[PDB]
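**Q** This is start.cif (mmCIF, C-alpha atoms).
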```cif
data_structure
loop_
_atom_site.group_PDB
_atom_site.id
_atom_site.type_symbol
_atom_site.label_atom_id
_atom_site.label_comp_id
_atom_site.auth_asym_id
_atom_site.auth_seq_id
_atom_site.Cartn_x
_atom_site.Cartn_y
_atom_site.Cartn_z
ATOM 1 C CA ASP A 601 16.587 -7.482 -3.436
ATOM 2 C CA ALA A 602 12.793 -7.864 -3.353
ATOM 3 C CA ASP A 603 12.691 -7.574 0.440
ATOM 4 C CA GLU A 604 15.485 -5.041 0.964
ATOM 5 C CA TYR A 605 13.029 -2.558 2.471
ATOM 6 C CA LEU A 606 12.075 -5.026 5.213
ATOM 7 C CA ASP B 503 -25.819 6.163 1.210
ATOM 8 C CA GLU B 504 -25.294 9.472 3.033
ATOM 9 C CA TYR B 505 -22.912 10.203 5.911
ATOM 10 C CA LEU B 506 -24.822 13.297 7.033
ATOM 11 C CA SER C 187 -10.006 38.217 22.849
ATOM 12 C CA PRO C 188 -8.526 36.401 19.819
ATOM 13 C CA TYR C 189 -10.154 33.243 21.206
ATOM 14 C CA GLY C 190 -13.392 34.819 22.410
ATOM 15 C CA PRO C 191 -16.975 34.235 21.176
ATOM 16 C CA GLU C 192 -16.683 37.004 18.570
ATOM 17 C CA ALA C 193 -13.643 35.438 16.902
ATOM 18 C CA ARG C 194 -15.142 31.941 17.122
ATOM 19 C CA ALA C 195 -18.322 33.192 15.463
ATOM 20 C CA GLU C 196 -16.351 34.838 12.649
ATOM 21 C CA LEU C 197 -14.330 31.657 12.075
ATOM 22 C CA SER C 198 -17.516 29.598 11.887
ATOM 23 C CA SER C 199 -18.986 32.141 9.454
ATOM 24 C CA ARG C 200 -16.086 31.897 7.025
ATOM 25 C CA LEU C 201 -15.947 28.092 7.221
ATOM 26 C CA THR C 202 -19.706 27.710 6.711
ATOM 27 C CA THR C 203 -19.510 29.771 3.533
ATOM 28 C CA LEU C 204 -16.671 27.607 2.218
ATOM 29 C CA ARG C 205 -18.545 24.352 2.835
ATOM 30 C CA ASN C 206 -21.519 25.564 0.802
ATOM 31 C CA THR C 207 -19.356 26.734 -2.097
ATOM 32 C CA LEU C 208 -17.602 23.350 -2.125
ATOM 33 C CA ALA C 209 -20.880 21.410 -2.173
ATOM 34 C CA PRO C 210 -20.715 18.746 -4.930
ATOM 35 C CA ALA C 211 -22.901 19.158 -8.008
ATOM 36 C CA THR C 212 -23.904 16.660 -10.691
ATOM 37 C CA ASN C 213 -20.808 15.481 -12.580
ATOM 38 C CA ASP C 214 -18.861 18.259 -10.850
ATOM 39 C CA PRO C 215 -15.518 18.866 -12.654
ATOM 40 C CA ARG C 216 -13.964 19.574 -9.254
ATOM 41 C CA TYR C 217 -14.671 16.060 -7.979
ATOM 42 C CA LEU C 218 -13.537 12.595 -9.038
ATOM 43 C CA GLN C 219 -16.292 10.689 -10.848
ATOM 44 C CA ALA C 220 -16.834 6.916 -10.785
ATOM 45 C CA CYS C 221 -15.008 5.401 -13.768
ATOM 46 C CA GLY C 222 -18.172 3.487 -14.607
ATOM 47 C CA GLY C 223 -19.110 0.217 -12.957
ATOM 48 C CA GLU C 224 -18.116 -0.291 -9.330
ATOM 49 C CA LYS C 225 -18.870 2.252 -6.618
ATOM 50 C CA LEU C 226 -16.211 4.863 -5.860
ATOM 51 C CA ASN C 227 -17.683 6.876 -2.994
ATOM 52 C CA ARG C 228 -18.675 5.136 0.247
ATOM 53 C CA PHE C 229 -21.124 8.046 0.725
ATOM 54 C CA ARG C 230 -22.638 10.063 -2.142
ATOM 55 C CA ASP C 231 -22.293 13.235 -0.065
ATOM 56 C CA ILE C 232 -18.554 12.766 0.619
ATOM 57 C CA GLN C 233 -16.635 13.380 -2.630
ATOM 58 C CA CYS C 234 -12.942 13.325 -3.591
ATOM 59 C CA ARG C 235 -11.252 16.462 -4.970
ATOM 60 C CA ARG C 236 -10.155 15.533 -8.503
ATOM 61 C CA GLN C 237 -7.054 17.724 -8.781
ATOM 62 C CA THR C 238 -5.557 16.241 -5.597
ATOM 63 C CA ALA C 239 -6.791 12.663 -6.017
ATOM 64 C CA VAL C 240 -4.210 9.952 -5.365
ATOM 65 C CA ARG C 241 -5.841 7.319 -7.587
ATOM 66 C CA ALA C 242 -8.664 7.312 -10.138
ATOM 67 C CA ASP C 243 -10.338 4.374 -8.390
ATOM 68 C CA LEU C 244 -9.974 5.515 -4.772
ATOM 69 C CA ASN C 245 -11.653 8.204 -2.661
ATOM 70 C CA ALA C 246 -8.410 9.638 -1.244
ATOM 71 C CA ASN C 247 -6.589 12.970 -1.503
ATOM 72 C CA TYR C 248 -3.138 14.460 -1.159
ATOM 73 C CA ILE C 249 -3.368 17.229 1.457
ATOM 74 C CA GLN C 250 -0.773 19.812 2.459
ATOM 75 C CA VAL C 251 -1.547 22.004 5.476
ATOM 76 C CA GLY C 252 1.141 24.651 5.683
ATOM 77 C CA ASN C 253 4.266 22.502 5.229
ATOM 78 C CA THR C 254 2.634 19.263 6.480
ATOM 79 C CA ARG C 255 2.084 16.638 3.765
ATOM 80 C CA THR C 256 -0.409 13.797 4.229
ATOM 81 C CA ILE C 257 -3.053 11.696 2.492
ATOM 82 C CA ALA C 258 -6.655 11.565 3.751
ATOM 83 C CA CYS C 259 -9.122 8.941 2.512
ATOM 84 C CA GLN C 260 -12.383 7.115 3.209
ATOM 85 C CA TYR C 261 -12.321 3.621 4.712
ATOM 86 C CA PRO C 262 -11.669 1.470 1.629
ATOM 87 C CA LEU C 263 -14.545 -0.521 0.153
ATOM 88 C CA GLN C 264 -14.040 -4.248 -0.273
ATOM 89 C CA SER C 265 -13.556 -3.850 -4.034
ATOM 90 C CA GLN C 266 -10.952 -1.126 -3.471
ATOM 91 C CA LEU C 267 -8.620 -3.081 -1.180
ATOM 92 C CA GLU C 268 -6.189 -4.255 -3.876
ATOM 93 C CA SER C 269 -5.763 -0.678 -5.115
ATOM 94 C CA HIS C 270 -5.541 0.589 -1.525
ATOM 95 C CA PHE C 271 -2.656 -1.795 -0.747
ATOM 96 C CA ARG C 272 -0.811 -0.928 -3.962
ATOM 97 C CA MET C 273 -1.192 2.773 -3.082
ATOM 98 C CA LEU C 274 0.208 2.097 0.399
ATOM 99 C CA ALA C 275 3.197 0.182 -0.993
ATOM 100 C CA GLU C 276 4.103 2.633 -3.767
ATOM 101 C CA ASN C 277 3.822 5.576 -1.318
ATOM 102 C CA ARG C 278 6.413 3.873 0.941
ATOM 103 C CA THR C 279 3.872 4.758 3.632
ATOM 104 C CA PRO C 280 5.662 5.739 6.861
ATOM 105 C CA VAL C 281 2.488 5.271 8.934
ATOM 106 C CA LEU C 282 -1.179 4.379 8.413
ATOM 107 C CA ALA C 283 -3.511 5.793 11.089
ATOM 108 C CA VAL C 284 -6.957 4.159 11.271
ATOM 109 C CA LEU C 285 -9.480 5.965 13.463
ATOM 110 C CA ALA C 286 -12.537 3.816 12.689
ATOM 111 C CA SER C 287 -13.909 2.001 15.751
ATOM 112 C CA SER C 288 -13.841 -1.752 16.183
ATOM 113 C CA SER C 289 -17.641 -1.524 16.495
ATOM 114 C CA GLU C 290 -17.959 0.046 13.044
ATOM 115 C CA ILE C 291 -15.552 -2.474 11.500
ATOM 116 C CA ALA C 292 -17.505 -5.335 13.098
ATOM 117 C CA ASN C 293 -20.829 -4.032 11.753
ATOM 118 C CA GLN C 294 -21.301 -6.013 8.537
ATOM 119 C CA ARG C 295 -23.923 -3.573 7.250
ATOM 120 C CA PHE C 296 -21.230 -0.874 7.156
ATOM 121 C CA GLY C 297 -19.007 -2.728 4.688
ATOM 122 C CA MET C 298 -15.725 -1.873 6.420
ATOM 123 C CA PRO C 299 -13.351 -4.836 5.907
ATOM 124 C CA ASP C 300 -10.864 -5.645 8.662
ATOM 125 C CA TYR C 301 -7.893 -5.464 6.324
ATOM 126 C CA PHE C 302 -5.151 -4.605 8.833
ATOM 127 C CA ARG C 303 -5.699 -6.850 11.863
ATOM 128 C CA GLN C 304 -5.547 -10.081 9.882
ATOM 129 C CA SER C 305 -3.554 -11.486 6.977
ATOM 130 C CA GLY C 306 -5.116 -12.066 3.583
ATOM 131 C CA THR C 307 -5.027 -12.184 -0.200
ATOM 132 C CA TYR C 308 -6.471 -9.434 -2.391
ATOM 133 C CA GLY C 309 -6.085 -10.136 -6.088
ATOM 134 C CA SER C 310 -2.367 -10.367 -6.844
ATOM 135 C CA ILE C 311 -1.439 -8.883 -3.464
ATOM 136 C CA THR C 312 -0.783 -10.851 -0.264
ATOM 137 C CA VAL C 313 -0.735 -9.130 3.138
ATOM 138 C CA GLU C 314 0.673 -10.254 6.480
ATOM 139 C CA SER C 315 -0.433 -8.567 9.731
ATOM 140 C CA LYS C 316 1.686 -8.634 12.893
ATOM 141 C CA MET C 317 0.907 -7.018 16.249
ATOM 142 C CA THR C 318 3.510 -4.687 17.736
ATOM 143 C CA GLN C 319 3.246 -2.171 20.619
ATOM 144 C CA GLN C 320 0.271 -0.602 22.418
ATOM 145 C CA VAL C 321 0.324 3.035 23.538
ATOM 146 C CA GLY C 322 -2.150 4.649 25.928
ATOM 147 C CA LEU C 323 -3.300 8.114 24.824
ATOM 148 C CA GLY C 324 -5.247 9.069 27.943
ATOM 149 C CA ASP C 325 -8.919 8.901 28.975
ATOM 150 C CA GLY C 326 -8.755 5.156 28.332
ATOM 151 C CA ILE C 327 -8.206 5.756 24.616
ATOM 152 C CA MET C 328 -5.765 3.137 23.321
ATOM 153 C CA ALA C 329 -3.565 3.079 20.229
ATOM 154 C CA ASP C 330 -2.979 -0.496 19.005
ATOM 155 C CA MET C 331 -0.074 -0.829 16.588
ATOM 156 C CA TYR C 332 0.656 -3.337 13.834
ATOM 157 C CA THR C 333 2.920 -3.923 10.882
ATOM 158 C CA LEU C 334 1.431 -4.790 7.469
ATOM 159 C CA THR C 335 3.754 -6.529 5.023
ATOM 160 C CA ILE C 336 2.559 -6.158 1.431
ATOM 161 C CA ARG C 337 3.838 -8.617 -1.191
ATOM 162 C CA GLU C 338 3.212 -8.644 -4.952
ATOM 163 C CA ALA C 339 4.987 -10.513 -7.770
ATOM 164 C CA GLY C 340 7.368 -8.164 -9.575
ATOM 165 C CA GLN C 341 7.122 -5.467 -6.905
ATOM 166 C CA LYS C 342 9.308 -4.617 -3.899
ATOM 167 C CA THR C 343 7.893 -5.961 -0.614
ATOM 168 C CA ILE C 344 6.834 -3.122 1.695
ATOM 169 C CA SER C 345 5.984 -3.111 5.402
ATOM 170 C CA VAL C 346 3.707 -0.380 6.749
ATOM 171 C CA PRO C 347 3.421 0.698 10.418
ATOM 172 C CA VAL C 348 -0.210 0.922 11.540
ATOM 173 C CA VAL C 349 -1.655 2.979 14.408
ATOM 174 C CA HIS C 350 -5.241 1.938 15.172
ATOM 175 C CA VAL C 351 -7.444 3.774 17.641
ATOM 176 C CA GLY C 352 -10.438 1.456 18.022
ATOM 177 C CA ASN C 353 -12.355 3.345 20.739
ATOM 178 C CA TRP C 354 -13.067 6.680 19.005
ATOM 179 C CA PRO C 355 -16.778 6.586 17.990
ATOM 180 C CA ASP C 356 -17.966 8.488 14.924
ATOM 181 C CA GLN C 357 -19.536 11.951 15.125
ATOM 182 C CA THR C 358 -17.522 12.593 18.295
ATOM 183 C CA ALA C 359 -14.270 14.261 19.333
ATOM 184 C CA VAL C 360 -11.731 13.007 21.857
ATOM 185 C CA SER C 361 -10.088 15.616 24.119
ATOM 186 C CA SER C 362 -7.393 18.004 22.901
ATOM 187 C CA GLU C 363 -5.011 16.192 25.277
ATOM 188 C CA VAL C 364 -5.725 12.785 23.712
ATOM 189 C CA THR C 365 -5.524 14.275 20.216
ATOM 190 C CA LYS C 366 -2.168 15.900 20.941
ATOM 191 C CA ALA C 367 -0.821 12.576 22.208
ATOM 192 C CA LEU C 368 -2.143 10.789 19.110
ATOM 193 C CA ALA C 369 -0.587 13.305 16.736
ATOM 194 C CA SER C 370 2.752 12.922 18.523
ATOM 195 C CA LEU C 371 2.612 9.113 18.237
ATOM 196 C CA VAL C 372 1.689 9.193 14.562
ATOM 197 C CA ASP C 373 4.413 11.722 13.689
ATOM 198 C CA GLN C 374 7.030 9.814 15.703
ATOM 199 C CA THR C 375 6.094 6.543 14.037
ATOM 200 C CA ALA C 376 6.373 8.151 10.588
ATOM 201 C CA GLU C 377 9.727 9.757 11.432
ATOM 202 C CA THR C 378 11.270 6.422 12.433
ATOM 203 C CA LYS C 379 10.042 4.712 9.234
ATOM 204 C CA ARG C 380 10.914 7.650 6.970
ATOM 205 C CA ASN C 381 14.447 7.668 8.394
ATOM 206 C CA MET C 382 14.825 3.977 7.509
ATOM 207 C CA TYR C 383 13.996 4.702 3.861
ATOM 208 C CA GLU C 384 16.513 7.575 3.849
ATOM 209 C CA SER C 385 19.266 5.355 5.269
ATOM 210 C CA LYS C 386 18.673 2.959 2.359
ATOM 211 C CA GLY C 387 18.758 5.750 -0.224
ATOM 212 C CA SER C 388 15.138 5.371 -1.320
ATOM 213 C CA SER C 389 14.124 7.331 -4.414
ATOM 214 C CA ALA C 390 10.869 8.167 -2.625
ATOM 215 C CA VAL C 391 12.707 10.875 -0.691
ATOM 216 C CA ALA C 392 12.779 12.889 -3.930
ATOM 217 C CA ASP C 393 9.074 12.464 -4.689
ATOM 218 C CA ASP C 394 6.695 15.002 -3.144
ATOM 219 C CA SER C 395 3.845 12.536 -3.640
ATOM 220 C CA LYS C 396 5.468 9.768 -1.591
ATOM 221 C CA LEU C 397 6.420 9.065 2.048
ATOM 222 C CA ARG C 398 3.147 10.601 3.231
ATOM 223 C CA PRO C 399 1.299 9.504 6.366
ATOM 224 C CA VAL C 400 -2.110 8.041 5.400
ATOM 225 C CA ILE C 401 -5.085 8.717 7.680
ATOM 226 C CA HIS C 402 -8.690 7.501 7.525
ATOM 227 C CA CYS C 403 -11.733 6.890 9.705
ATOM 228 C CA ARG C 404 -15.039 5.954 8.050
ATOM 229 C CA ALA C 405 -15.749 8.912 5.725
ATOM 230 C CA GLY C 406 -12.333 10.534 6.084
ATOM 231 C CA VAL C 407 -13.729 13.954 7.065
ATOM 232 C CA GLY C 408 -14.418 14.076 10.798
ATOM 233 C CA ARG C 409 -11.997 12.176 13.012
ATOM 234 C CA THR C 410 -9.404 12.266 10.215
ATOM 235 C CA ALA C 411 -9.537 16.069 9.959
ATOM 236 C CA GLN C 412 -9.209 16.512 13.728
ATOM 237 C CA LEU C 413 -6.000 14.446 13.689
ATOM 238 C CA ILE C 414 -4.563 16.127 10.583
ATOM 239 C CA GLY C 415 -5.157 19.536 12.137
ATOM 240 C CA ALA C 416 -3.353 18.441 15.310
ATOM 241 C CA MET C 417 -0.486 17.052 13.225
ATOM 242 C CA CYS C 418 0.084 20.321 11.396
ATOM 243 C CA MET C 419 0.266 22.152 14.707
ATOM 244 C CA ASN C 420 2.939 19.634 15.755
ATOM 245 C CA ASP C 421 5.040 20.678 12.713
ATOM 246 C CA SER C 422 7.751 23.141 13.801
ATOM 247 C CA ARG C 423 7.727 24.680 10.322
ATOM 248 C CA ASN C 424 4.145 25.989 10.479
ATOM 249 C CA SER C 425 4.538 29.114 12.616
ATOM 250 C CA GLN C 426 1.733 31.637 12.015
ATOM 251 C CA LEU C 427 -0.448 29.116 10.161
ATOM 252 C CA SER C 428 -3.986 29.920 11.394
ATOM 253 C CA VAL C 429 -6.929 27.666 12.193
ATOM 254 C CA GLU C 430 -8.706 29.373 9.281
ATOM 255 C CA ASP C 431 -5.811 28.348 6.993
ATOM 256 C CA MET C 432 -5.807 24.751 8.285
ATOM 257 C CA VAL C 433 -9.480 24.047 7.759
ATOM 258 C CA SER C 434 -9.745 25.977 4.485
ATOM 259 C CA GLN C 435 -6.785 23.981 3.126
ATOM 260 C CA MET C 436 -8.214 20.589 4.127
ATOM 261 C CA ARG C 437 -11.577 21.519 2.586
ATOM 262 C CA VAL C 438 -10.223 22.855 -0.691
ATOM 263 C CA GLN C 439 -7.975 19.785 -1.065
ATOM 264 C CA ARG C 440 -10.552 17.045 -0.282
ATOM 265 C CA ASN C 441 -14.133 18.266 0.291
ATOM 266 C CA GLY C 442 -16.136 20.904 2.163
ATOM 267 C CA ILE C 443 -16.975 18.534 4.996
ATOM 268 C CA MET C 444 -13.442 18.288 6.464
ATOM 269 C CA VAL C 445 -13.843 18.949 10.203
ATOM 270 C CA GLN C 446 -17.476 17.915 10.345
ATOM 271 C CA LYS C 447 -18.583 18.372 13.965
ATOM 272 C CA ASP C 448 -18.379 21.642 15.881
ATOM 273 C CA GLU C 449 -16.778 19.779 18.776
ATOM 274 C CA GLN C 450 -13.961 18.696 16.450
ATOM 275 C CA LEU C 451 -13.330 22.298 15.436
ATOM 276 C CA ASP C 452 -13.306 23.276 19.122
ATOM 277 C CA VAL C 453 -10.455 20.831 19.707
ATOM 278 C CA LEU C 454 -8.375 22.527 17.011
ATOM 279 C CA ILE C 455 -9.224 25.932 18.495
ATOM 280 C CA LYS C 456 -8.155 24.777 21.963
ATOM 281 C CA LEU C 457 -4.888 23.365 20.634
ATOM 282 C CA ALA C 458 -4.219 26.625 18.789
ATOM 283 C CA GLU C 459 -4.915 28.738 21.874
ATOM 284 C CA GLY C 460 -2.422 26.641 23.825
ATOM 285 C CA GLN C 461 0.261 27.630 21.321
ATOM 286 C CA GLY C 462 -0.813 31.242 20.955
ATOM 287 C CA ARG C 463 -1.584 30.397 17.328
ATOM 288 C CA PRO C 464 -4.077 32.686 15.500
ATOM 289 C CA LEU C 465 -7.612 31.480 14.762
ATOM 290 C CA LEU C 466 -8.241 33.944 11.918
ATOM 291 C CA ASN C 467 -6.271 35.679 9.151
ATOM 292 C CA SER C 468 -5.940 39.473 9.387
#
```
Could you render the structure from this file as structure tokens?

**A**
Amino acid sequence: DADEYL
Amino acid sequence: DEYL
Amino acid sequence: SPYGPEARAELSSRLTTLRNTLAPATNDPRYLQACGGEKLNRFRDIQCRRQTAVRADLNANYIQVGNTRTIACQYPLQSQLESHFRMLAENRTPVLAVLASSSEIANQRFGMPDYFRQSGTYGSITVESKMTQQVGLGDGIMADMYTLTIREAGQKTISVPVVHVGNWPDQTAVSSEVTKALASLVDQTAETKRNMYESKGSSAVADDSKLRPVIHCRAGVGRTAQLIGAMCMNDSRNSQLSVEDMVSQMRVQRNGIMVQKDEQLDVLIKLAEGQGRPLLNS
């Protein structure tokens, strides 16, 4: 996902 | 311009 | 004495020679040159080592002191912000330490954009700033922390921890005690973030050029070098690494000005003496 590192 |  | 006036004089002698040899010449092959057009260097006397440059359009360098890996740069120019943010995101930056004072940032003549204490748009990149904790470092010196969330279409969204010391004026050096506390905070912050990336199986763990703390002040040679030196002495893997090694490595990997003021060098010497670490190489 685009924000998986958040 | 210059830092020193 | 290994920390007496004789040794200190010898150390200064060797470092002075290195600075002169590293002095930038016209179109020096050793230093990154402006790719035509916009300005690259904030100061014409503060150049970026080409072989260790992070980006062709930024004044920033990869630096390894002993086993300690970091990135040291100048305060980004307005026109360099988009590239600066992309660099921060791709590096999976575990911590960004800003040592420029609020007074410098507020001085419009200095051209130092407040890019981390407020949200904004820079080209195709959008950034969100959020305040987090505040840690006292001693002597009234405060470390204000933030989180910067960087978003760009087609790219993974990345949040970067920020440690900002806003009361450390240029051309000066905070105490060894304050510096030691700052290095500990910066390393701890990076460790927590780095661990998160490892728990998610990030591919950055396998890239020697990524997951590096990023540190800058105004020029990226005075305050920045004092902190990087303290950080390498906080690395348990650097036993026997001398002060001579530390400074020579920062200078060869960025420019001959690293550790500008004599008072800044004295802080590194004092920290070394406290550990029984050598000042010179035999």

**Q** Hey, can you check how far atom CA of residue 310 of chain C sits from atom CA of residue 410 of chain C?

**A**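 Here the two named atoms are 29.2 Å from each other.
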
**Q** Find the distance between atom CA of residue 282 of chain C and atom CA of residue 400 of chain C and write it in Å to one decimal.

**A** 4.8 Å

**Q** Translate the PyMOL selection byres ((chain C) within 10 of (chain A)) into a concrete residue list for this structure, as a VMD selection string.

**A** chain C and resid 278 335 337 to 346 382 to 383 386 388

**Q** I want to know what sits within 8 Å of residue 504 of chain B, based on all atoms listed in the file, with residues of the same chain fewer than 3 positions away left out; could you give that as a ChimeraX atom specification?

**A** /C:229-232

**Q** Go through the shown structure with the PyMOL selection byres ((chain C and resi 457) around 8) and write out the matching residues as a list in words.

**A**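 When the PyMOL selection byres ((chain C and resi 457) around 8) is applied, the selected residues are residues 362, 366, 416, 419, 453, 454, 455, 456, 458, 459, 460 and 461 of chain C.
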
**Q** Filtering to C-alpha atoms, could you give me those residues as a tab-separated table (two decimals), in the frame of the given file?

**A**
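Full text of part.tsv as output:
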```tsv
chain	number	residue	atom	x	y	z
C	362	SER	CA	-7.39	18.00	22.90
C	366	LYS	CA	-2.17	15.90	20.94
C	416	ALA	CA	-3.35	18.44	15.31
C	419	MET	CA	0.27	22.15	14.71
C	453	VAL	CA	-10.46	20.83	19.71
C	454	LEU	CA	-8.38	22.53	17.01
C	455	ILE	CA	-9.22	25.93	18.50
C	456	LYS	CA	-8.15	24.78	21.96
C	458	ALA	CA	-4.22	26.62	18.79
C	459	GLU	CA	-4.92	28.74	21.87
C	460	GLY	CA	-2.42	26.64	23.82
C	461	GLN	CA	0.26	27.63	21.32
```

**Q** Find the axis-aligned box for chain B, covering all its listed atoms and adding 5 Å on each side, and write its centre and edge lengths in Å to one decimal as AutoDock Vina command-line options.

**A**
```
--center_x -24.4 --center_y 9.7 --center_z 4.1 --size_x 12.9 --size_y 17.1 --size_z 15.8
```

**Q** Counting only C-alpha atoms, figure out which residue out of C:468, C:289, C:420, C:446 gets nearest to chain B.

**A**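 Of all the options, C:446 lies closest to chain B.
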
**Q** Take atom CA of residue 215 of chain C and atom CA of residue 442 of chain C and report the distance between them in Å, one decimal.

**A**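 One can read the atom CA of residue 215 of chain C to atom CA of residue 442 of chain C distance as 15.0 Å.
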
**Q** Please write the residues picked by the PyMOL selection byres ((chain C and resi 415) around 8) on this file as a PyMOL selection string.

**A** chain C and resi 251+411-414+416-419+432-433+454

**Q** Find the residue from C:447, C:272, C:440, C:463 that sits nearest to residue 506 of chain B; use only C-alpha atoms when measuring.

**A** C:447

**Q** Determine the nearest neighbour of residue 466 of chain C from the options C:396, C:283, C:426, C:312, counting all atoms listed in the file.

**A** C:426

**Q** Excluding same-chain residues fewer than 5 positions from residue 505 of chain B, what lies within 12 Å of it counting only C-alpha atoms, as a ChimeraX atom specification?

**A** /C:227-233,260,296,356-357,404-408,443,446

**Q** Excluding same-chain residues fewer than 4 positions from residue 397 of chain C, what lies within 6 Å of it counting all atoms listed in the file, as a ChimeraX atom specification?

**A** /C:277-280
